[PDB]
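Below: one structure, written as C-alpha cells.
Virtual Cβ from ideal backbone geometry, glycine too; neighbours counted across all protein chains shown. FYI, it's all coordinate maths here, none of it is from the lab.
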Protein chains: 2
Amino acid sequence: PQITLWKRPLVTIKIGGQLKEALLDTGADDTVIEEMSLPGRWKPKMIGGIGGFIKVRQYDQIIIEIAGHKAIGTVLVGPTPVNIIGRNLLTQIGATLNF
Amino acid sequence: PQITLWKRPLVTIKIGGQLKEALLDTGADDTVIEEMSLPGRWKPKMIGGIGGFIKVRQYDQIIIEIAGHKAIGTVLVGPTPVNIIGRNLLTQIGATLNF
Ligand SMILES: COc1ccc(S(=O)(=O)N(CC(C)C)C[C@@H](O)[C@H](Cc2ccccc2)NC(=O)O[C@H]2CCC[C@@]23CCO[C@H](c2ccccc2OC)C3)cc1
C-alpha cells in the first residue's frame, strides 16, 4: 500500500498468535511492543527514548505479520505507550519513504 | 527520492539560518529540534515518548527547508538527542510510506 501521513500510520500486526495495532516508526531503530507473553528464551535489557529509559525483555527470531507481510526479527517487550515497528522490521517488508 | 530503511533516514535541513541533520520520522506527530534560538515567540509545551516526557518551547510559522521543499509549521525546541522531522512537516513535502 501507499500510506500518507495525515494520520498516524497504524497497522494491524500478528505476533505470538495475538493481533495488535502498531505504529510504523521510521525514527525507531528497534521494535518495541507492550507487555505480552511470548514463547522462548528472552534477555533482560534497557532501552531509551525521548524521556528516559525503560526495562524490556528481548526476544530474538520472532515471526511477525505486518499488514499481511511476514517478517522475522528481534522484538523488545516493555512499558511503551504505543507499539512501534522500527527499522529492523520495516526493511523486511520492503518499506520505503517516498517524496 | 526513495529512501530505504537499512540506515537511519537522515537528511540535511536548514532552519533558523543554520544547517542541521535530522531524522524523517513517521512515528513523530510533531517536529522536535535541539536547543537553538529561533526568531519568534514561543509557548510552553510538554511531550511524551518512551521513558517519560520532556518540556519544549513551541514556535509557530517556522520555515524549514528539507531537500528542495520548503515547509512552514510548528517546531518544538528542547533537549532531544536527535533532530526529528515529524508528520506535521512530512505531509507538506508529500512523503508517503510504501510497501
Ligand atoms: C508529539 O510529538 C512527538 C512526541 C513523541 C516523539 S518520540 O521521539 O518520543 N517518538 C514517538 C514514539 C515513541 C511513539 C518518535 C520515535 O520515532 C523516536 C524518535 C527518537 C529518535 C532518537 C532519540 C529519541 C527519539 N524513536 C525512539 O524513541 O526510538 C528509540 C526506542 C527504540 C529504538 C530507539 C532508537 C533511538 O535510540 C534509543 C535509545 C537506546 C538506548 C539508549 C538511549 C536511547 O535513546 C535516547 C532506542 C516525537 C514527537
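Computed values, structure above
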item	result
Inter-residue pairs, beta-carbon under 7 Å, first on the phi < 0 side of the Ramachandran plot and in region B:1-19, second part of a loop (DSSP other than H, G, I, E, B) and among the aliphatic types (A, V, I, L, M), 6+ apart	B:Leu5/A:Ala95; B:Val11/B:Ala67; B:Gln18/B:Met36
Residue that is farthest from the ligand (Cβ to nearest atom) [pool: residues in region B:80-99 that are over 12 Å from A:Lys7 (Cα atoms), at the interface with another protein chain (Cβ under 9 Å from one of its Cβ atoms) and not aliphatic (A, V, I, L, M)]	B:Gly94
Qualifying position, being in contact with a helix residue (DSSP H, G or I) (Cβ under 7 Å, 6 or more places away or on another chain) and closer than 21 Å to B:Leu90 by Cβ, among B:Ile72, B:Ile62, B:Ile66, B:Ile33	B:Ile66
Count of region B:15-54 residues which are more than 11 Å from the ligand (Cβ to nearest atom) and under 24 Å from A:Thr96 (Cβ atoms)	2
When residues of region A:11-30 are limited to those that are surrounded by fewer than 15 Cβ atoms within 10 Å (Cβ to Cβ) and in contact with a strand residue (DSSP E or B) (Cβ under 8 Å, 6 or more places away or on another chain), the one farthest from B:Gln92 (Cα to Cα)	A:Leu19
Tally, over region B:36-69, of residues that are out of contact with any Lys or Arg (no Cβ under 9 Å at 6 or more places or on another chain) and of a type outside the set (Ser, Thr, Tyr)	15
Residue satisfying condition, being at the interface with another protein chain (Cβ under 9 Å from one of its Cβ atoms) and out of contact with any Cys (no Cβ under 7 Å at 6 or more places or on another chain), within set B:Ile63, B:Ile54, B:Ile33	B:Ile54
